[PDB]
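The chain below stands alone and is given in structure tokens; this is the form solved without the named molecule.
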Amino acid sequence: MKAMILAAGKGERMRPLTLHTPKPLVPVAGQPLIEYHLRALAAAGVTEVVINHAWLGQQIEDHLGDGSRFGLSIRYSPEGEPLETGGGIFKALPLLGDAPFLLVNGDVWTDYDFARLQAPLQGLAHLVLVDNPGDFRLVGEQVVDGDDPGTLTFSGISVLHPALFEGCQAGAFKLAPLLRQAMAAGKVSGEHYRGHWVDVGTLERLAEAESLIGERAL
């Protein structure tokens, strides 16, 4: 399947780093944050990737180009308006096609093995959940809306079916309410990942990920 990487956000809490650099090009341990995803995707056998962008988006295109250096074909989805995750994915659907795709929040750093999502999955969505740094509860393989313990946090790593966006409301709407609607129908499966995950939203979070990356290096 194809993958979409979300890379539209302003990264206001990562200033001043994000003043002239969009968050996905911020260096984490020697390497742009999004390049972890690209190398991991390509290792998992993904060959086609859509990236949406907005804040400083033309710099993302200049840096990554068509993706051939990563063994990838990358297509881009520019946004003018702030579209939120749902609107943004919706906007990109023509580039993704009718099939389920892998959705990765670019802000994340993780050693999750993406090749795991190519195994037989179930529902309108399959969500990777992680320990609270909580909004979902996992009951066996089934994801339900959480109530605070032990609830868990959405990692920003999933497989989603385009139909989730039926059919669907052009322009700016969040992803979570779609996921709850699907859950309410028993159409969302999930797993609890116990390895490393960091939402790189602050300088402090960036340091945390640098530190964990240094450990894996050895």
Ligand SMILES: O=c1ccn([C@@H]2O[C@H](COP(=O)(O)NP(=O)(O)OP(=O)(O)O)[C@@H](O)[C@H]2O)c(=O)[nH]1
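From 1 onward, residues are counted along the sequence shown.
- In this entry, residue 148 and residue 149 are separated by 1 to 3 residues of the deposited sequence that lack coordinates.
- According to the record, the deposited sequence contains 4 to 9 residues between residue 133 and residue 134 that were left without coordinates.
- Relative to one another, 83-91 and 109-117 have unequal mean CA B-factors, and 83-91 is the one with the higher figure.
- When the two stretches 40-48 and 159-167 are set side by side, the higher mean Cα temperature factor goes to 159-167.
- Residues shown: 99, 143, 103, 128. Highest C-alpha temperature factor in the entry: 99.
- In the deposited entry, the Cα temperature factor of residue 24 places it in the lowest third of its chain's modelled residues.
- Split the chain's modelled residues into thirds by C-alpha temperature factor. Residue 207 is in the highest one.
- Per the PDB record, residue ranking by Cα B-factor puts residue 182 in the lowest third of the chain.
- Looking at the C-alpha B-factors along this chain, the one for residue 70 belongs to the middle third.
- The deposited CA B-factor of residue 54 belongs to the highest third of values across its chain.
Just so it is clear, the following notes concern the form solved in complex with the named molecule, a form of the same protein that is not shown.
- Only one of 68-76, 104-112, 117-125, 90-98 places residue heavy atoms within 4.5 angstroms of the named molecule in the deposited complex, namely 104-112.
- Not displayed here, the named molecule is kept clear of residue 196 by more than 4.5 Å at the level of heavy atoms in the deposited complex.
- The named molecule is not drawn, but in the deposited complex it has a heavy atom within 4.5 Å of residue 7.
- At a distance threshold of 4.5 angstroms between non-hydrogen atoms, residue 84 is in contact with the named molecule in the deposited complex.
- A residue is said to contact a partner when one of its heavy atoms sits within 4.5 Å of a partner heavy atom; residue 204 fails this definition for the named molecule in the deposited complex, lying far away.
- Residue 23 is the sole member of 20-34 found to place a heavy atom within 4.5 Å of the named molecule in the deposited complex.
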